[PDB]
>>> print(open('start35.cif').read())   # mmCIF, C-alpha atoms
data_start
#
loop_
_atom_site.group_PDB
_atom_site.id
_atom_site.type_symbol
_atom_site.label_atom_id
_atom_site.label_comp_id
_atom_site.auth_asym_id
_atom_site.auth_seq_id
_atom_site.Cartn_x
_atom_site.Cartn_y
_atom_site.Cartn_z
ATOM 1 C CA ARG A 1 98.653 80.538 106.964
ATOM 2 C CA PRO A 2 98.801 84.143 108.229
ATOM 3 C CA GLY A 3 96.488 86.130 106.010
ATOM 4 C CA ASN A 4 95.319 89.358 107.667
ATOM 5 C CA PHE A 5 97.892 92.104 107.433
ATOM 6 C CA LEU A 6 96.098 94.951 109.170
ATOM 7 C CA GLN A 7 98.625 97.409 110.460
ATOM 8 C CA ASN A 8 98.211 100.466 112.636
ATOM 9 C CA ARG A 9 100.597 103.115 113.932
ATOM 10 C CA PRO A 10 100.783 103.176 117.761
ATOM 11 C CA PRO B 1 98.101 98.977 86.159
ATOM 12 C CA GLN B 2 94.737 97.704 87.373
ATOM 13 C CA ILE B 3 95.055 94.859 89.840
ATOM 14 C CA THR B 4 92.170 92.596 90.779
ATOM 15 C CA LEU B 5 92.037 90.790 94.100
ATOM 16 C CA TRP B 6 91.429 87.102 93.379
ATOM 17 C CA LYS B 7 95.023 86.581 94.430
ATOM 18 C CA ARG B 8 97.229 88.495 96.887
ATOM 19 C CA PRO B 9 98.362 91.800 95.266
ATOM 20 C CA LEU B 10 102.055 91.057 95.287
ATOM 21 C CA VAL B 11 104.511 93.148 93.336
ATOM 22 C CA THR B 12 108.307 93.409 92.990
ATOM 23 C CA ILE B 13 110.012 96.297 94.789
ATOM 24 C CA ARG B 14 113.600 97.556 94.705
ATOM 25 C CA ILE B 15 115.036 98.868 97.972
ATOM 26 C CA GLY B 16 118.677 99.502 98.894
ATOM 27 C CA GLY B 17 119.633 97.983 95.541
ATOM 28 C CA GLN B 18 117.877 94.676 96.246
ATOM 29 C CA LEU B 19 114.711 93.120 94.734
ATOM 30 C CA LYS B 20 111.924 91.835 96.996
ATOM 31 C CA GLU B 21 108.286 90.822 96.746
ATOM 32 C CA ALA B 22 105.752 92.898 98.696
ATOM 33 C CA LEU B 23 101.989 93.060 99.214
ATOM 34 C CA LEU B 24 100.036 96.217 98.311
ATOM 35 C CA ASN B 25 98.124 96.709 101.522
ATOM 36 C CA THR B 26 95.339 99.275 101.948
ATOM 37 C CA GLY B 27 94.853 97.969 105.510
ATOM 38 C CA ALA B 28 98.257 99.197 106.597
ATOM 39 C CA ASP B 29 99.035 102.766 107.680
ATOM 40 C CA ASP B 30 102.749 102.090 107.207
ATOM 41 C CA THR B 31 105.195 100.101 105.100
ATOM 42 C CA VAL B 32 106.778 97.173 106.952
ATOM 43 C CA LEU B 33 109.501 94.926 105.565
ATOM 44 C CA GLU B 34 110.879 91.657 106.929
ATOM 45 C CA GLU B 35 114.163 91.880 108.768
ATOM 46 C CA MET B 36 116.873 93.306 106.499
ATOM 47 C CA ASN B 37 119.722 95.803 106.640
ATOM 48 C CA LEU B 38 119.145 99.353 105.417
ATOM 49 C CA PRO B 39 121.576 102.247 105.432
ATOM 50 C CA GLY B 40 121.377 105.210 107.799
ATOM 51 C CA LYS B 41 119.957 106.069 111.206
ATOM 52 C CA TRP B 42 116.892 104.350 112.605
ATOM 53 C CA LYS B 43 114.648 104.778 115.668
ATOM 54 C CA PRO B 44 112.891 102.046 117.675
ATOM 55 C CA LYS B 45 109.111 102.030 117.162
ATOM 56 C CA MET B 46 106.136 99.805 117.935
ATOM 57 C CA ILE B 47 103.228 99.056 115.597
ATOM 58 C CA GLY B 48 100.033 96.971 115.946
ATOM 59 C CA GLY B 49 98.381 94.390 113.747
ATOM 60 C CA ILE B 50 95.674 91.801 113.901
ATOM 61 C CA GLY B 51 97.469 89.748 116.558
ATOM 62 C CA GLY B 52 98.933 92.508 118.723
ATOM 63 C CA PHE B 53 102.006 94.702 118.757
ATOM 64 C CA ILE B 54 105.581 94.264 117.574
ATOM 65 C CA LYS B 55 108.864 96.156 117.740
ATOM 66 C CA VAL B 56 110.288 97.580 114.523
ATOM 67 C CA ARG B 57 113.102 99.798 113.308
ATOM 68 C CA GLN B 58 111.994 103.040 111.676
ATOM 69 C CA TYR B 59 114.053 104.350 108.755
ATOM 70 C CA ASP B 60 113.107 107.726 107.307
ATOM 71 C CA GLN B 61 113.346 109.022 103.768
ATOM 72 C CA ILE B 62 114.226 105.722 102.129
ATOM 73 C CA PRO B 63 113.884 105.429 98.337
ATOM 74 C CA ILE B 64 111.888 102.434 97.136
ATOM 75 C CA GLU B 65 110.698 101.536 93.631
ATOM 76 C CA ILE B 66 107.324 99.810 93.699
ATOM 77 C CA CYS B 67 106.169 98.041 90.545
ATOM 78 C CA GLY B 68 108.196 100.601 88.549
ATOM 79 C CA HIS B 69 107.033 103.711 90.481
ATOM 80 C CA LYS B 70 109.374 105.704 92.673
ATOM 81 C CA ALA B 71 108.605 106.544 96.317
ATOM 82 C CA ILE B 72 110.798 107.996 99.080
ATOM 83 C CA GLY B 73 109.439 107.646 102.594
ATOM 84 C CA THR B 74 109.363 105.877 105.918
ATOM 85 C CA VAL B 75 110.104 102.161 105.965
ATOM 86 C CA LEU B 76 109.669 99.989 109.072
ATOM 87 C CA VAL B 77 111.700 96.812 109.440
ATOM 88 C CA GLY B 78 110.719 94.017 111.751
ATOM 89 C CA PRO B 79 109.072 90.624 112.255
ATOM 90 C CA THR B 80 106.215 91.009 109.822
ATOM 91 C CA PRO B 81 105.149 87.749 108.184
ATOM 92 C CA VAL B 82 105.255 89.332 104.698
ATOM 93 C CA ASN B 83 106.667 92.508 103.208
ATOM 94 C CA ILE B 84 103.922 95.152 103.253
ATOM 95 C CA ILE B 85 103.562 98.378 101.225
ATOM 96 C CA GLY B 86 101.194 100.529 103.219
ATOM 97 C CA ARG B 87 99.311 103.711 102.597
ATOM 98 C CA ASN B 88 102.253 106.020 103.288
ATOM 99 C CA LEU B 89 103.827 104.807 100.054
ATOM 100 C CA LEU B 90 100.666 103.783 98.182
ATOM 101 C CA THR B 91 99.691 107.463 98.105
ATOM 102 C CA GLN B 92 103.103 108.381 96.698
ATOM 103 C CA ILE B 93 102.608 106.101 93.700
ATOM 104 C CA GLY B 94 99.048 107.257 93.060
ATOM 105 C CA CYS B 95 97.217 104.137 94.170
ATOM 106 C CA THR B 96 93.408 104.160 94.650
ATOM 107 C CA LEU B 97 90.698 101.578 95.250
ATOM 108 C CA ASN B 98 87.938 101.428 92.655
ATOM 109 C CA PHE B 99 84.612 99.598 92.413
ATOM 110 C CA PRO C 1 83.298 104.836 93.703
ATOM 111 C CA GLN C 2 86.982 105.735 93.865
ATOM 112 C CA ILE C 3 88.610 105.637 97.282
ATOM 113 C CA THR C 4 91.896 107.451 97.858
ATOM 114 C CA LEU C 5 94.299 106.245 100.507
ATOM 115 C CA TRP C 6 95.220 109.452 102.294
ATOM 116 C CA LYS C 7 93.123 108.175 105.223
ATOM 117 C CA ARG C 8 92.120 104.672 106.322
ATOM 118 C CA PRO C 9 89.620 103.433 103.665
ATOM 119 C CA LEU C 10 86.716 103.120 106.062
ATOM 120 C CA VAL C 11 83.318 102.651 104.440
ATOM 121 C CA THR C 12 79.808 101.839 105.629
ATOM 122 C CA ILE C 13 78.746 98.210 105.524
ATOM 123 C CA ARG C 14 75.458 96.538 106.350
ATOM 124 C CA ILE C 15 75.237 93.176 108.088
ATOM 125 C CA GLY C 16 71.942 91.859 109.438
ATOM 126 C CA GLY C 17 70.342 95.079 108.224
ATOM 127 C CA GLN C 18 72.555 97.021 110.649
ATOM 128 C CA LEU C 19 75.277 99.525 109.777
ATOM 129 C CA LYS C 20 78.959 99.420 110.705
ATOM 130 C CA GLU C 21 82.150 101.101 109.510
ATOM 131 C CA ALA C 22 84.766 98.792 108.091
ATOM 132 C CA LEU C 23 88.234 98.909 106.573
ATOM 133 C CA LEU C 24 88.733 97.884 102.951
ATOM 134 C CA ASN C 25 91.829 95.788 103.319
ATOM 135 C CA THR C 26 93.632 94.398 100.270
ATOM 136 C CA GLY C 27 96.116 92.820 102.709
ATOM 137 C CA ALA C 28 93.447 90.565 104.241
ATOM 138 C CA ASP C 29 92.514 87.245 102.632
ATOM 139 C CA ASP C 30 89.318 87.043 104.709
ATOM 140 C CA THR C 31 86.692 89.361 106.243
ATOM 141 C CA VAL C 32 86.689 89.760 110.030
ATOM 142 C CA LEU C 33 84.249 91.737 112.121
ATOM 143 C CA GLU C 34 84.567 93.077 115.656
ATOM 144 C CA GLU C 35 82.878 90.919 118.268
ATOM 145 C CA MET C 36 79.138 90.819 117.725
ATOM 146 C CA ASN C 37 76.552 88.228 118.699
ATOM 147 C CA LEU C 38 75.598 86.959 115.224
ATOM 148 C CA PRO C 39 73.173 84.048 115.059
ATOM 149 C CA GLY C 40 73.938 80.836 113.238
ATOM 150 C CA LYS C 41 76.303 77.871 113.153
ATOM 151 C CA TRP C 42 80.005 78.640 113.232
ATOM 152 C CA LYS C 43 83.381 76.888 113.312
ATOM 153 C CA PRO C 44 86.472 77.938 115.300
ATOM 154 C CA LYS C 45 89.406 79.323 113.299
ATOM 155 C CA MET C 46 92.697 81.142 113.943
ATOM 156 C CA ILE C 47 93.761 84.074 111.802
ATOM 157 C CA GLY C 48 97.145 85.679 111.840
ATOM 158 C CA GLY C 49 99.251 88.573 110.796
ATOM 159 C CA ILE C 50 101.449 91.145 112.491
ATOM 160 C CA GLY C 51 101.517 90.398 116.187
ATOM 161 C CA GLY C 52 100.502 86.739 115.898
ATOM 162 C CA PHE C 53 97.119 85.040 115.807
ATOM 163 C CA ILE C 54 93.661 85.540 117.223
ATOM 164 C CA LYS C 55 90.775 83.120 117.733
ATOM 165 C CA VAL C 56 87.653 83.819 115.629
ATOM 166 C CA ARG C 57 84.269 82.307 114.792
ATOM 167 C CA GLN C 58 83.707 81.415 111.125
ATOM 168 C CA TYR C 59 80.196 81.964 109.721
ATOM 169 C CA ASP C 60 79.283 80.871 106.175
ATOM 170 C CA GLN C 61 77.084 82.455 103.451
ATOM 171 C CA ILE C 62 76.408 85.667 105.348
ATOM 172 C CA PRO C 63 74.960 88.489 103.255
ATOM 173 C CA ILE C 64 76.844 91.785 103.581
ATOM 174 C CA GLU C 65 76.479 95.056 101.720
ATOM 175 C CA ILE C 66 79.593 97.191 101.195
ATOM 176 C CA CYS C 67 78.929 100.811 100.255
ATOM 177 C CA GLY C 68 75.704 99.691 98.609
ATOM 178 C CA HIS C 69 77.203 96.761 96.728
ATOM 179 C CA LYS C 70 75.819 93.375 97.778
ATOM 180 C CA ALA C 71 78.032 90.414 98.678
ATOM 181 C CA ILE C 72 77.615 87.035 100.374
ATOM 182 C CA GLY C 73 80.298 84.846 101.844
ATOM 183 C CA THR C 74 82.326 83.775 104.808
ATOM 184 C CA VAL C 75 82.453 86.205 107.680
ATOM 185 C CA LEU C 76 84.757 85.824 110.673
ATOM 186 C CA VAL C 77 83.935 87.337 114.083
ATOM 187 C CA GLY C 78 86.333 87.980 116.934
ATOM 188 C CA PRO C 79 88.570 90.463 118.792
ATOM 189 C CA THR C 80 89.907 92.356 115.801
ATOM 190 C CA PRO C 81 90.522 96.013 116.658
ATOM 191 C CA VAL C 82 88.547 97.129 113.579
ATOM 192 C CA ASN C 83 86.016 95.655 111.170
ATOM 193 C CA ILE C 84 87.897 94.412 108.102
ATOM 194 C CA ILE C 85 86.657 93.661 104.618
ATOM 195 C CA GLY C 86 89.022 91.229 102.950
ATOM 196 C CA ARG C 87 89.570 89.963 99.447
ATOM 197 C CA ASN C 88 86.902 87.280 99.664
ATOM 198 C CA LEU C 89 84.314 90.085 99.556
ATOM 199 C CA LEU C 90 86.277 92.802 97.719
ATOM 200 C CA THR C 91 86.329 90.487 94.679
ATOM 201 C CA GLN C 92 82.532 90.184 94.825
ATOM 202 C CA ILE C 93 82.035 93.944 94.556
ATOM 203 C CA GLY C 94 84.596 94.237 91.733
ATOM 204 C CA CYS C 95 87.148 96.205 93.721
ATOM 205 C CA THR C 96 90.502 96.882 92.036
ATOM 206 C CA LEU C 97 93.740 98.635 92.939
ATOM 207 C CA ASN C 98 94.758 101.163 90.342
ATOM 208 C CA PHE C 99 97.892 103.199 89.781
#
>>> encode(input="start35.cif", output="structure tokens")
Amino acid sequence: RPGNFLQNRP
Amino acid sequence: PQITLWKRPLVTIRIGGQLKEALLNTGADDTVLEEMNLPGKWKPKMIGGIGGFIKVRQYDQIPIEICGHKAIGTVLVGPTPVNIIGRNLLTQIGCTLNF
Amino acid sequence: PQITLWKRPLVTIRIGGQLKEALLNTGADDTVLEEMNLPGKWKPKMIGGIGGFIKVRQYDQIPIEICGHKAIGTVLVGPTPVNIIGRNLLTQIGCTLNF
């Protein structure tokens, strides 16, 4: 199941 | 509250009058919600994650109540696998990491 | 320590005696490091989030120290854009979210 929710602005 | 991390740190949020579940995410710059309608103007934006980049809709100055604490800020809407409260709004509600 | 979330919560970790900067990520179930040629047996795995999935190598019972606090567990290695400490290790160092 998807489990790594890193998120970065462009 | 103090939230340990044996499970995903999921909380209830209220946005645009509706209740949703969202993950408190220190690894996210921004807050990103699954596809939904929100009032007002939006701008197209792109953001990156672990798997690459996606297209989102950027809504500014949106009120959101997060586990009982009020925030008003930028909310991105798009094909995220889970609703995500990121640092932009974590700072508004006074969230810190502690060990 | 207490870590505020104005900036990305990047801290120094040690793996194989060598130092790296890594993101404390309450939105990650697992710990994933930027490509490095770590010795040992591994198993292939896919991890996902925004943008889709990436292929990684799963290493077991790897010692890691996070801002001076020792941990040992599963460490993934692959083409993440940043080193990421996930909940599997944040729980070992007694990390909490507080607001």
>>> interface_residues(input="start35.cif", of="chain C", to="chain A", cutoff="6 Å", atoms="all atoms listed in the file", output="list in words")
residues 27, 28, 29, 48 and 49 of chain C
>>> interface_residues(input="start35.cif", of="chain B", to="chain C", cutoff="10 Å", atoms="only C-alpha atoms", output="PyMOL selection string")
chain B and resi 1-10+23-29+32+47-55+67+69+78-82+84-99
>>> atom_distance(input="start35.cif", atom1="CA of residue 60 (chain B)", atom2="CA of residue 43 (chain B)")
9.0 Å
>>> closest_residue(input="start35.cif", among="C:71, C:19, C:77, C:13", to="residue 33 (chain C)", atoms="all atoms listed in the file")
C:77
>>> resolve_selection(input="start35.cif", expression="the PyMOL selection byres ((chain C and resi 38) around 9)", output="ChimeraX atom specification")
/C:16,35-37,39-40,59,77
>>> atom_distance(input="start35.cif", atom1="CA of residue 76 (chain C)", atom2="CA of residue 83 (chain B)")
24.1 Å
>>> atom_distance(input="start35.cif", atom1="CA of residue 31 (chain B)", atom2="CA of residue 46 (chain C)")
24.4 Å
>>> residues_near_point(input="start35.cif", point="(70.0, 95.4, 105.5)", cutoff="10 Å", atoms="all atoms listed in the file", output="PyMOL selection string")
chain C and resi 13-19+63-65+68+70
>>> axis_aligned_box(input="start35.cif", around="chain A", padding_each_side="8 Å", output="AutoDock Vina command-line options")
--center_x 98.1 --center_y 91.9 --center_z 111.9 --size_x 21.5 --size_y 38.6 --size_z 27.8
